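# let me start by giving you these chains from the complex, positioned as in the assembled structure:
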Amino acid sequence: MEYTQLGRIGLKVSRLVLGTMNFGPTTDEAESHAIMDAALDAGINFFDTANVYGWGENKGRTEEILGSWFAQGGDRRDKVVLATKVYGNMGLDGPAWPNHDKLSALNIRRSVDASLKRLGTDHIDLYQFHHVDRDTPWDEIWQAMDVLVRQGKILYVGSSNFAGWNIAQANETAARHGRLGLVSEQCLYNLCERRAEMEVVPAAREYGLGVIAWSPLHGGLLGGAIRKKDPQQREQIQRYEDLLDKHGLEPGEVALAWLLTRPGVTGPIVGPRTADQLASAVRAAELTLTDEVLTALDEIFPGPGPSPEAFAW
Amino acid sequence: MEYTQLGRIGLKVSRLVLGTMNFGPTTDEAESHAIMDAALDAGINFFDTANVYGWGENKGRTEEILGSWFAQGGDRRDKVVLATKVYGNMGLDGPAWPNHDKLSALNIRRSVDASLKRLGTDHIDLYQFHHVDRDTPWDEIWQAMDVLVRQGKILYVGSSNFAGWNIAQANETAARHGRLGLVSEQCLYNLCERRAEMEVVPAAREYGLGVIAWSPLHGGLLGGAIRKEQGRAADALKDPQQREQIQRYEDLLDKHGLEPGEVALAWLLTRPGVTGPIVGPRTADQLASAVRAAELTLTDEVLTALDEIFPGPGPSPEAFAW
Amino acid sequence: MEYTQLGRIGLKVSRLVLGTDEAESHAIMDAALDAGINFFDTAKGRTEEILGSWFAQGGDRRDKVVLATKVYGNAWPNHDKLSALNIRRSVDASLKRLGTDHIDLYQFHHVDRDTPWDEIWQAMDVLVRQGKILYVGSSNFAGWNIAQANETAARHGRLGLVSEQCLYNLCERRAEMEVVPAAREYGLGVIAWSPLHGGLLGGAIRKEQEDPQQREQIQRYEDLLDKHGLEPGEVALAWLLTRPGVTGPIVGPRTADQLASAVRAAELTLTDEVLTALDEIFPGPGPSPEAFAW
Amino acid sequence: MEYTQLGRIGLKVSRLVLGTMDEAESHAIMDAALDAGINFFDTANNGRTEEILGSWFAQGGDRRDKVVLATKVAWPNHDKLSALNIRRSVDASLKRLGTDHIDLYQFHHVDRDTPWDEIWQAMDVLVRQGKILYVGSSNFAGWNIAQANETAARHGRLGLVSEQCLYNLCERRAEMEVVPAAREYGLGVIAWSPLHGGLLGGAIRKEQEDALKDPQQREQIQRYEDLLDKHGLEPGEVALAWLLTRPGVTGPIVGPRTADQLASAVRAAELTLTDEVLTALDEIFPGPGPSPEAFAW
């Protein structure tokens, strides 16, 4: 397993982030404990979860499945860099009670409390904003986070679904008064959706943020998903699959291996449903995509490159 | 129910703010609870109380009623933006013991823990200064609030009855060292009394404060007092000059099919920078009359007619100079 | 002549501010100097060229006076108000006319809510560093504009406003709400503009030897000052000199009697009795919030 | 003529920006733009355009005093944004403009090799000598605007006041992060190439009466020209009127070289596109909205 610094900070993480999305809704508590044990022994120390994981009326179940994983002992909690999220509605799906979503100091305080409880731990290592909230200013947001830091309840703060200028505003506001700003951005990034390259990824590079990609198979589309509706992308997908057949490669492992070559990308979040899915993703980290394959991938999946070159000059 | 951000911050608050002066004094515990449950049903999520509410030897009784209300479970605490106040003398009425009123770090420490205890909750959402205190400098005041914030005892800090320059000084002072400044001002603002427009409301609008209007009926003087003539407003109607003012107001509203109470709240909702009035329902029926006042549309003829009965100074320096 | 520090700063000034054809202002300025009045204020260019013709007569004139002037406007874009663009041209045309290489107190004519304080202070600091300006003052501001302005300046070490020039007299006391308390908190001198309320306080009912509720105000005023032997224009000036935070009033005498009239007013000491009487004819609003709530 | 504040600052500009492309013709239009009330002058749609301005000022009549004058900044350090290239750039520019100060001194493009403490040193020196009042950007990313004004404000300096970006109906990707960042920081937004190089200027009816060889683009402009053929509007005016409806857009750069092109842009400033027309224009030329919703959620 390959390691790297989470951007600029002293945290050392695995280049695969174990996504726990399915633990609860699609994969059961027992086998999820098995999948997390497999990850640990394969060298993966960076686990990503979210309060809202569990879904519907079980929003929260994933944070409990990790909580009961830690409760078995074995230095499991001590070994894991535990990240979870705040922003999402923890009420019944739909228009939330005011202040029970977004990033007010109010929702941050009540969300961290609920998440620490389900997780059976006194601290989160990486507490990420699940989305930008344009109505909450950064002096408020950093007040909330800093309180959780001073009480030892969180260590680092990360972002997800931010614009590049949010990363800059956040970390300049925090640096002004002596606070560690964002250390990571969790952005949507894969071969089919590459527009985080325009501003999101260069911003995070300028300010020293880790970059972790979610939907790294783009909802499974890059996962060999023709094998038994718009024709254009169907064709993009068909040629991606033909190209990999000529080269003897699995579509799943290339989507992941390809993110692992992009500049500034710490690693994708892999969401395995079985252990064979974890295993398969671990081999993607040993895969070395040639310059022949990389070149012909960028032909089928063109990127925009940075702004303002993307759209102007 | 209309929602709005409370000034610049991430807090979303209903544009009606449930005041709680009456709970204890004029409404007993049981009915107070029933009205609060009704506010949540009507979407009001923003509750305003104060330590001194409760009167005389019974000051703090209002907070205890919200506390027993929270104790029934049901996400009552988790659902409401809880706001209360510090400044007031909680001793027997009259000249307070030194440091038992106003905004020293001493009074702030003692007031907050007694409020938290009476409210039976581990945090206040909006901790408001009840009045400007000119003897306490802002590095002391922000020291006191910042301790409360870092301990998780309070979230947001508001002012009530401040001057314009007090809001500015407070929030520049906070900003220098990275503190969230005041998030809201609670000013006396209604039709008959519009001098908050001179400097208070412009300052709060510059510094990104919500504006919460208290005494929105002017002591009931706008709630149809003269037709109910079939404390402040009592001997204020014994002004010949002034009782024609409230006369033209009640005559106008009769022509237009409108209720004097509801138009006082609805008007405040048209003023620029006003988050919403504080309503003081003593029954669920008067709550329900306030909720209708938040959905009324005040047409341009009415507002024209209102502004000429109730003249406003507008902002300084233009209000006394040019 | 009574002198005072201009608010918090080290600048000492007389408590009359000498305000506002050519040669009959030159003689009145020289005797204002003889009276000990060093605070000269241009409160549009002939007056500045006229003060400019004064300094060019040698003899310690630019070295003895505190020189104050204002920005222009009350138009073409950026030719009024307080942008860096107008500040720059306003000051450079003011230095031309005044015939001097620096202005002592450079004032804003009025509040410009569309121009941010980081812009304004940049433009003043360029002038302070080039020796073109020493001190900045405000005119017709709200109390919260003073706070915001001096707080903004102090963040980066600049000296903020040292003075606010507002409308303030017995007929109009509404600067006591917030303007003057802000000025007092931040240590600005308060300069009373129109101390006689356009001469309304200077004995106007009598000069009819030549609104019904507002002339009864002035009637009770003069009738009061008849029975106490006092001169009306002088009391209006002496009444401002007793208000806390007031540095002094702008006066522009052109005779030698009005100069002596104004000097007497700055020496006149009003008995407590008359102060009480004037208070009931011309009530004051108090500072906010107490003025309109509690 | 509609005026407005240039972002957060107290400078008032007309919503038409007078940009560029012999001197007599230039002078007359500049005199006529001033007659129409245009005060915002810029030397870009950076040689000879500057001296045509310097000799226009040389005619007196308060010309210099009436315009907000904006200009902008390969052997090493003869391009890009080192303090070295800025120092030589502005002095050359000052001499060619025949004036002792530029009102709005803009970067031509972001320089990712130059840090902002060096850029703001160089800008601040010029500020304190009085050579320069305001600073603005061209062709930045959203995240360069934030990094810039954040670094300026740490020490009291005025940040960027404007950003000149490629914005028109056909190319709307500045809406993702560029324009969002400038509204947050209070920068005027100056839309460069508001017709997309004439592509929006009735280019198909002028082909009878370069990007046109692509059928997908060709149909897009055909729908555009048909819609205004039914609505009574001139296409070159719509393209500017549309931009004037976008939040944070100060105005477009217009380069009229004749009175007839001038009355055409003034008229553009005064149109009111109906909600029907805006709705149709948005189905023809869709925008991406802001990040991250543009590509995630």
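Arrived safely. Numbering: from 1, shown residues only, chains lettered A, B, ... in the order given.

# and stretch A:177-190, is it in reach of chain C?
No. Stretch A:177-190 is not in contact with chain C by C-beta under 8 Å from any C-beta of the partner chain; minimum separation 13.5 Å. (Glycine included, C-beta is placed from N, CA and C.)

# now do that stretch: distance to the chain's middle.
Centroid separation for stretch A:177-190 versus its chain: 11 Å, with C-alpha atoms, centre = their mean, to the nearest Å.

# kindly report the same for stretch A:193-211.
In terms of C-alpha atoms, centre = their mean, the centre of stretch A:193-211 is set 14 Å apart from its chain centre.

# would you put the C-alpha positions of that stretch in PDB?
What follows is stretch A:193-211, C-alpha atoms only, in PDB (Å, rounded to 0.1, in the frame of the first residue of the first chain):
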ATOM      1  CA  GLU A 193     -16.500  14.300 -14.700                       C
ATOM      2  CA  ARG A 194     -13.200  16.300 -14.800                       C
ATOM      3  CA  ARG A 195     -14.300  19.900 -14.200                       C
ATOM      4  CA  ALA A 196     -12.800  19.900 -10.700                       C
ATOM      5  CA  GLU A 197      -9.600  20.400 -12.700                       C
ATOM      6  CA  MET A 198     -10.700  23.900 -13.600                       C
ATOM      7  CA  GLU A 199     -10.400  25.600 -10.200                       C
ATOM      8  CA  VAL A 200     -11.200  23.200  -7.300                       C
ATOM      9  CA  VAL A 201      -8.000  21.100  -7.600                       C
ATOM     10  CA  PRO A 202      -5.600  23.900  -8.400                       C
ATOM     11  CA  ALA A 203      -7.000  25.900  -5.400                       C
ATOM     12  CA  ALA A 204      -6.500  22.900  -3.100                       C
ATOM     13  CA  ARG A 205      -3.000  22.600  -4.500                       C
ATOM     14  CA  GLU A 206      -2.100  26.300  -3.900                       C
ATOM     15  CA  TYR A 207      -3.300  26.000  -0.200                       C
ATOM     16  CA  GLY A 208      -1.900  22.600   0.500                       C
ATOM     17  CA  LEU A 209      -5.100  20.500   0.700                       C
ATOM     18  CA  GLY A 210      -5.300  16.800   0.100                       C
ATOM     19  CA  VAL A 211      -7.600  15.900  -2.700                       C
END
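
# include chain E too:
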Amino acid sequence: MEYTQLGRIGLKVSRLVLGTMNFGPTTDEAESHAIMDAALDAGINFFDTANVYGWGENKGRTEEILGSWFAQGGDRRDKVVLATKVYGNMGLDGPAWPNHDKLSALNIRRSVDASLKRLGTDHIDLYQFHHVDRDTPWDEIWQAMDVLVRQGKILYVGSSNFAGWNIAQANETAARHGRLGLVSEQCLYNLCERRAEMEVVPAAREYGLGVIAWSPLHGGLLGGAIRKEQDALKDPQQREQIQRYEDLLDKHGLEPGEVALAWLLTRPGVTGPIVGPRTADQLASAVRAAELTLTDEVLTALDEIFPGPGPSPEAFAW
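Adding chain E to the chains above:
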């Protein structure tokens, strides 16, 4: 009973600060409680003490007598501004074990918890430095005090026996990083010893500190010394100062201990003196001296018998 803002801050205190150094050593616990109820009853809320008061093997005792006074209930703790101190050795007298005196953050941490436990209360209102420590820098000091502040264990920080430049340096350091600085200086200042007027009181006044004057009778020297003859100062320079003091006050029919207290109350910048009653009669004597009015004629006399130096540099150049 007159009240005043403590310097520039919001805290209101009595112009008499109740000295407690006699509570325990000389006056007993039961009678120290009675003196303290009478001080409440007389309007005094400013109680001053120190961890050391008690002396010798009994250092800490005074703090305990306030604790058991607070444990009587009756809103005694809630009515009182509690001031204690840190600097003095709390262990066996003499050379202190290293860091068991002075103002390292290590000594600060251990002194506040031991004073909190003796005082029977979770917070001190005014934590004072008992003396300047030139060896501890102010980033160290304000760190330790700020920790106490943010834990809610202390409200205000004050000094005692500083120079003027120590006050300046501390309050400027605290302000850089937003912290409320010194709120009070407790200096030695009476008729015999006026040299605090040179720099201590001007600096204190510049920075908005209350000035609390300790040893206001100069160890009894101003407490009717010779008439009571029925420190040493058998030096004849001081007994003429003091003879002409007592005979002037007997020409005018006045109490020596009362004038010493009434005098300090007229000095500009002085919040008030610390009065140290041993009995409740001595408490009522001090209360009287606080509504005493000394004529502008007597003050001339005292000033030519106890000449002040005034402010530096004027005090020794021009």
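
# mind listing the helices for the stretch 1-150 of chain A?
Secondary structure of the stretch 1-150 of chain A (DSSP state H, counting those that start in this stretch): helices at A:29-41, A:61-70, A:76-79, A:105-118, A:138-150.

# and the contacts of the longest one?
Residues lying outside helix A:105-118 but in contact with it, judged by C-beta atoms under 8 Å, 6 or more residues apart in numbering or on different chains, are A:51, A:60, A:63-64, A:67, A:84, A:86-87, A:90, A:99-101, A:122-124, A:127, A:140-141, A:143-145, A:147-148, A:153-154, B:9-11, B:78, B:81, B:123, B:125, B:152, B:155-156, B:180.

# the shortest one now?
Taking contacts as C-beta under 8 Å, 6+ apart, the residues outside helix A:76-79 that touch it are A:36, A:40, A:45, A:69-70, A:121.

# nearest to chain C among those?
Closest approach to chain C among these (C-beta to the nearest C-beta): residue A:121, at 41.3 Å.

# kindly confirm whether my reading is correct that that closest one touches residue A:70.
Yes. Contact criterion C-beta atoms under 8 Å: residue A:121 and residue A:70 qualify, at 6.1 Å.

# near chain B, which residues of the stretch 51-200 of chain A? Just list them.
A:97-100, A:102-107, A:109-110, A:133, A:135-137, A:139-143, A:146-147, A:150-151, A:176-177.

# now, of the residues you listed, which are buried?
A:97-100, A:102-107, A:109-110, A:133, A:136-137, A:139-143, A:146-147, A:176 (16 or more other C-beta atoms under 10 Å in any protein chain shown).

# which stretches in chain A count as strands?
Assigned by DSSP state E, chain A shows strands spanning A:3-5, A:12-14, A:17-19, A:46-48, A:81-86, A:124-129, A:154-160, A:182-188, A:210-214, A:267-270.

# further, place chain F onto the existing structure:
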Amino acid sequence: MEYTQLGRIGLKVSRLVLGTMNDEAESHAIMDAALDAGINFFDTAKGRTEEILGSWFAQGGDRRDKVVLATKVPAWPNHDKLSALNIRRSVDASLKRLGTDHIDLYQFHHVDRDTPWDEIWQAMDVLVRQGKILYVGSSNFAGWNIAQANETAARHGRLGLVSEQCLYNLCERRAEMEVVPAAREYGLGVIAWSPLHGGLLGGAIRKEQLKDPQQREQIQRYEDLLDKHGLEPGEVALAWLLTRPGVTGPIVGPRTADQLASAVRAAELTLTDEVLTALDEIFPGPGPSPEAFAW
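Alright, chain F goes in next:
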């Protein structure tokens, strides 16, 4: 000639400071010899006393380049005190009398309790950045004035005061209380004015052929002790100061090559433990506050 850094800063000055005399020609000759003895620190403790240095600089010979030039700032309002108005007018008048485009050490004459430090530092910062002055000093400050001034300068990044010129001699030592301790804390040089107390230390009684009630007795013990030791009164008054912690050195105003030569002999004279013990006996100090008046 012994040198020393002026307090905390990189300026290296001679331990003797050439003070103000009172003839152009005769002042010029002292100054040229002062240069030859290695004294580089010139101060003007203003009218003719400044234009004489100016005629001196105009002779050339690297006289301005070798010299660290120091100078200072009822009256008409704002024609004394330290208002920004008066500083800009004083420095203009000084720069022109002095026939030079910069002052090295611009010093305040006296504390002014009515001008704030953000006003003063505004004025001094203007001159620094125009190259008109380099270093700021103070004279006749209290200790807390030094502390306040330099804390205010450091907030927004200015060099603070670099030196304090205080009254400090054997007879008057109350600057050891707070002013010299403050200057020592903030890294200022301490420049001693009136090192002989108006001449009282350079042999007042052995030249009788101001001050004489109580003070005569101690001046006799002084002169007697120095007779019995073979030391000169003036030279010792100056040499004593050079042993005092934080003291850069004393202002000397020699009006004759001899006096300059005597001042120089004072700077390399080494007082013994016994003389030092005896002088403190005759002229006690109060030590630092608070110990001086408390404990």
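
# and for the closest residue to residue A:62 other than its chain neighbours, the neighbour number?
Closest residue in space to residue A:62, ignoring its immediate chain neighbours: residue A:53 at 3.6 Å, by C-beta to C-beta, 6 or more residues apart in numbering or on different chains. Applying other C-beta atoms under 10 Å in any protein chain shown, we find 26 residues neighbouring residue A:53.

# next one: residue A:53 from chain D, what distance?
As judged by C-beta to the nearest C-beta, to the nearest Å, residue A:53 and chain D stand 16 Å apart.

# do you know how far residue A:272 is from chain F?
Remark: distance between residue A:272 and chain F (C-beta to the nearest C-beta) = 55 Å.

# for burial, what's the neighbour tally of residue A:37?
For residue A:37, using other C-beta under 10 Å, the count is 16.

# roughly how far does it sit from chain D?
Distance, residue A:37 to chain D, using C-beta to the nearest C-beta: 31 Å.

# cool, and residue A:38?
Here the criterion is C-beta to the nearest C-beta. By it, residue A:38 lies 29 Å from chain D.

# surely that residue and residue A:277 touch.
No. With contact taken as C-beta under 8 Å, residue A:38 and residue A:277 are classed as non-touching, separated by 9.9 Å.

# sorry, back to before: hmm, the residue nearest to residue A:62 is touching residue A:63, no?
Yes. Counting by C-beta under 8 Å, residue A:53 touches residue A:63, with 6.9 Å between them.

# now do the shared contacts for the two.
Here residue A:53 and residue A:63 share no contacting residue, scored by C-beta under 8 Å, 6+ apart.

# residue in the stretch 101-250 of chain A nearest to chain E?
residue A:150 (8.5 Å).

# quick one: contacts for that residue?
Applying C-beta under 8 Å, 6+ apart to residue A:150 gives the contacts residue B:150.
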